[PDB]
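Participant: Model the structure of this input:
(chains A and B, ligands or ions: 2)
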Amino acid sequence: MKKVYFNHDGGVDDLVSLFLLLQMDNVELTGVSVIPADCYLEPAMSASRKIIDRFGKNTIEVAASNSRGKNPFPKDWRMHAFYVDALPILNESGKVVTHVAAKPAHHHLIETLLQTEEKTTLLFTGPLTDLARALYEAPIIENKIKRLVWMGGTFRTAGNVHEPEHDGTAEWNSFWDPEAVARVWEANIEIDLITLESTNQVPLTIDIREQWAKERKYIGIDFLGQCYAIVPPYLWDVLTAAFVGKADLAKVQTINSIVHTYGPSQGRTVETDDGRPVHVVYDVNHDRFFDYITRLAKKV
Amino acid sequence: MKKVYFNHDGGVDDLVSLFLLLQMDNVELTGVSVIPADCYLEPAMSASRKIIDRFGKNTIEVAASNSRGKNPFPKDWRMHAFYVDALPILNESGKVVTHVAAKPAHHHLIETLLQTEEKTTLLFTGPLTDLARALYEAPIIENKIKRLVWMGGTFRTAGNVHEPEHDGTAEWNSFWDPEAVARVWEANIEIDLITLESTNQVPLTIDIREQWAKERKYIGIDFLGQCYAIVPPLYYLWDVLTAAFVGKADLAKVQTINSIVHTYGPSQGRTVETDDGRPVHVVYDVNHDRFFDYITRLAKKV
Ligand SMILES: [Ca+2]
Ligand SMILES: [Ca+2]
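Facilitator: Residues are numbered from 1 along each chain as shown, chains lettered A, B, ... in the order given. Ligands and ions are numbered 1, 2, ... in the order given. Let me share the structure:
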């Protein structure tokens, strides 16, 4: 049983991952928080609360970030939570029961970590700024962090950031706040990294969307399919979440690394023999991965 | 029983309209066709075919337009069909049975109208260019048109078109092809207009979305809700109201006004009331409760 604190930024994948983490027997979410990076805050807060009401177990709260980004995501990607938050499945109950936490995400994270006895695993599928902030303000939290699992970075020649001022070598979660990645990388914590590359072997395919639609009878599968209709014809965050729940889906190669913090290469992650250790996921088992998440969806 | 030929441009409310027409006991769809105006053609074609498969009755075909627009819709509005087409409810069967018609939409329209013995009601919820074109090639078709019900136009000082080269006075279905509107306007046909204003009394509201979500148990209500999630609160059901007026004329009133359309320059697509113009029957004073009760009744029939 792993105690997990989950900070996400409200894309379809972040929200799908919330849904799946809640079906893992092996995981207990101590807290959820939302950062307005790849989302607008209000729909992502709401959708998270409704998913926990609908598909959750214990009583938990969702905290809102008041972090601000250096390099904001494209407005069009950010809209997706409005759609998820509007799905009938998530509105059928006509009530939102799970509470917004009183404290902002970074303070919520601090308070949750320090109030849990056991060390907790941090799962971040958006930028790292709520964590950089928690560290800056209360670095004793190092002692409560088992490890950080983060969707971010790439060690290919080019990333997924194609934006003015940028050289095109960074990945989005890092580019959104390179200074936060730097701070996290100075902290004394173990870091498992799901990079852009890490997901090579599990592309979300039309044959996989169509197999899901065939099993729409399962309400969790129907829900998965409504979520991915919004981004129609890689599951970065889902893979990250799934690696927390089932480490054996993939392998990990320890590399030494730095993050660039300014100029046209800001956000870029670079392997250096001088840098700090980072355990980079590779070699995802296709069949096991997709069998795992459809198993989990069917538990509802 | 009304014979209806339906031309739509594959926005969310076009596709929702198709689904609801199909539940109306007093309507028999003789033909459906898709124009790539507020949609990309492929997802709109597929979505229409899958809707007819899952929720339709008799065997019909969907024709693809090869009409082109003068003033294209914004890209981001046009994507919405991709999402509806990808919804699991519509992909559960794993096959698409209803056929694409062999002819393009304007030709399809002509052949359908002339092959059906009684007159047919034309229902257009996108631009008018498949009809303009039908009329240009085969004006005999006036003889088979009971009337046109069209979502288009506005008689307010401003419309919903906010685009370069335009003065902001037109509505989108007219603006997409103003020449087509002019051609239809010159035809000897009766025209019922659902304008932008027509819908004032029936905003889609959060309270209505939520009340639909509560009855998700009905698969057609759940389907309606999925469709409207795509266009969520951050809205007026213009096309759905147009389609409902065909099924239940008694939901609204109509005022006959004489009208022209501007065809060129910064005011292109503008509809203007003139004592000299041609008669158009403009919908107003929609009964809120009956309208929304009607479409929720229709959704529950599946
Ligand atoms: Ca994310
Ligand atoms: Ca339309």
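Participant: Flag every residue of chain A that's near ligand 1.
Facilitator: A:9, A:11, A:14, A:125, A:126, A:237 (CB under 5 Å from the ion). All C-beta atoms are positioned from the backbone trio N, CA, C, and that covers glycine.
Participant: again, only using 8 Å
Facilitator: With CB under 8 Å from the ion as the criterion, chain A meets ligand 1 at residues A:8-11, A:13-14, A:37-38, A:125-126, A:151, A:173, A:236-237.
Participant: Just those residues: which are in strands?
Facilitator: A:8, A:151 (DSSP state E).
Participant: Can you flag the buried ones in the residues of chain A next to ligand 1?
Facilitator: Buried members of the residues of chain A next to ligand 1, counted by 16 or more other CB atoms under 10 Å in any protein chain shown: A:8-11, A:13-14, A:37-38, A:125-126, A:151, A:173, A:236-237.
Participant: What is the nearest of those to residue A:46?
Facilitator: Of all those, residue A:10 has the smallest distance to residue A:46: 9.9 Å, by CB to CB.
Participant: how about the closest one, what does it touch?
Facilitator: Counting by CB atoms under 8 Å, 6 or more residues apart in numbering or on different chains, residue A:10 makes contact with A:34-41, A:43-44, A:47-48, A:80-81, A:126.
Participant: Can you tell me which of those is closest to ligand 2?
Facilitator: Distance to ligand 2, by CB to the ion, is smallest for residue A:80 among these, at 23.3 Å.
Participant: hmm, back to that, can you narrow the contacts of residue A:10 to ones near chain B?
Facilitator: residue A:43 (CB under 8 Å from any CB of the partner chain).
Participant: So which of the contacts of residue A:10 reach ligand 2?
Facilitator: Within those, nothing lies near ligand 2 by CB under 8 Å from the ion.
Participant: Tell me the one of the contacts of residue A:10 nearest residue A:184?
Facilitator: residue A:126 (12.8 Å).
Participant: In contact with the closest one, which residues?
Facilitator: A:7, A:8, A:9, A:10, A:11, A:14, A:35, A:37, A:38, A:151, A:173, A:176.
Participant: Check the gap between it and chain B for me.
Facilitator: From residue A:126 across to chain B, the span is 21 Å (CB to the nearest CB, to the nearest Å).
Participant: what does residue A:108 give?
Facilitator: 26 Å.
Participant: list the contacts for the closest residue in space to that residue that isn't next to it in sequence?
Facilitator: In this structure, residue A:108 finds its nearest non-sequential neighbour in residue A:63, 3.6 Å apart by CB to CB, 6 or more residues apart in numbering or on different chains. Taking CB under 8 Å, 6+ apart, we find residue A:63 in contact with A:31, A:32, A:33, A:34, A:100, A:101, A:103, A:104, A:105, A:108, A:109.
Participant: same deal with residue A:268?
Facilitator: By CB under 8 Å, 6+ apart, the residues touching residue A:268 are A:159, A:167, A:169, A:170, A:174, A:259, A:260.
Participant: returning to what we had before: among the contacts of residue A:10, which ones are in helices?
Facilitator: Among those, the members falling in helices (DSSP state H) are A:41, A:43, A:44, A:47, A:48, A:80, A:81.
Participant: so residue A:29, which of the three states?
Facilitator: Classification of residue A:29 by DSSP: H, G, I helix; E, B strand; the rest coil places it in strand.
Participant: Give me the distance between the residue nearest the centre of chain A and chain B.
Facilitator: Nearest to the geometric centre of chain A sits residue A:125, at 1.9 Å (CA atoms, centre = their mean). Distance of residue A:125 to chain B, computed by CB to the nearest CB: 22 Å.
Participant: go on, residue A:213?
Facilitator: Going from residue A:213 to chain B by CB to the nearest CB gives 4 Å.
Participant: Checking that residue next. Helix, strand or coil?
Facilitator: Here residue A:213 is recorded as helix under three-state DSSP.
Participant: Let me see the contact set for it.
Facilitator: By CB under 8 Å, 6+ apart, residue A:213 lies in contact with A:225, B:88, B:91, B:92, B:94.
Participant: On the three-state scheme, the first one is what?
Facilitator: The three-state assignment at residue A:225 reads helix, by three-state DSSP.
Participant: Count the neighbours of it for me.
Facilitator: 25 (other CB atoms under 10 Å in any protein chain shown).
Participant: where do the strands sit along the stretch 1-150 of chain A?
Facilitator: A:2-8, A:27-34, A:62-64, A:120-124, A:145-151 (DSSP state E, counting those that start in this stretch).
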